[PDB]
């Protein structure tokens, strides 16, 4: 076992897929000689060169469309947005040119492409650099949307994303880049894959099901550890995939715990938690709920700059515990 950060785990994933398939290449801003805007692609340009690691100008709509074009022509690009806030300039290419193309062609033109980059809140980057796009991209047919949390999640999903013959959006997290995790030998392998569409239970529990994705999954584990000292066993579930989400794992947990709380970083209205709550109500686990499911989300505001204000615009550990204790009437 090794100590591997999520940033190093993504670097391992992309490196192994570049070495495996010469049709795979990476393009984006500062991905080459700068070693990555967040050092995620460090050393890749020194290993593969201008042909496979392509520094692009600040022209989001332009190089995203260029990536999709190369994907239609038979290549397997990795298109990095510096943050996904900047993907809104290219979101027409993601949705209309990439996601919908295979369906419109009647099964003739596939688009094997990956859109990766950090997503959601950071630290002091204010309103225009803190938006979470999990619900937006998960809303669209023809896409696959994933949101890794730890190092295992990051490497396994980035490798599945590249090998999938369809557009995959990889919503990363900047604050998770530098966090180390125990990396078991199974994750160090070049054949390590995490299938898209299956969630992982990070903690077994019996009193309440807590579902989350990306960085707040760690806060759920912190909350569950505090509540465990009080006799409350939380079952924390890591979505991993946003579309198509693994509701069967959530439903099976709710049928055991009889309680559900969703935790997400993005905005509340029409967000990820809203879909999970609608699905349990339409689904077979609704009769097993002994209390309504509640959503823990970010504040319904543009992200403020000040440290004290941003801290209260993001789900905190005490916010998860408070919602959990409300659900259990304790």
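Here the rigid core means the biggest group of C-alpha atoms that line up within 1.5 Å when the two forms are laid on top of each other. Numbering follows the first chain given and starts at 1.
In summary, of the stretches 57-65 and 31-39, 31-39 shows the greater Cα distance from the shown form in 8 other deposited structures of this protein, with structures fitted on the rigid core.
Averaged over CA atoms, B-factors in the entry run higher in 1-9 than in the other of 1-9 and 319-327. The deposited model assigns a higher average Cα B-factor to 26-34 than to the other stretch when 26-34 and 66-74 are compared. Of the candidates 168, 140, 227, 91, the deposited coordinates give 227 the top C-alpha B factor. In this structure the maximum Cα B-factor among 183, 103, 136, 115 is found at 183.
Sort the modelled residues of the chain by CA B factor and residue 259 lands in the middle third. Remark: residue 297 belongs to the lowest third of its chain, ranked by C-alpha B-factor as recorded. In the PDB entry, residue 269 places in the lowest third of its chain by CA B-factor. For residue 125, the recorded CA temperature factor ranks within the middle third of the chain's modelled residues. When the CA B factors of the chain's modelled residues are split into thirds, the value for residue 177 lands in the middle one.
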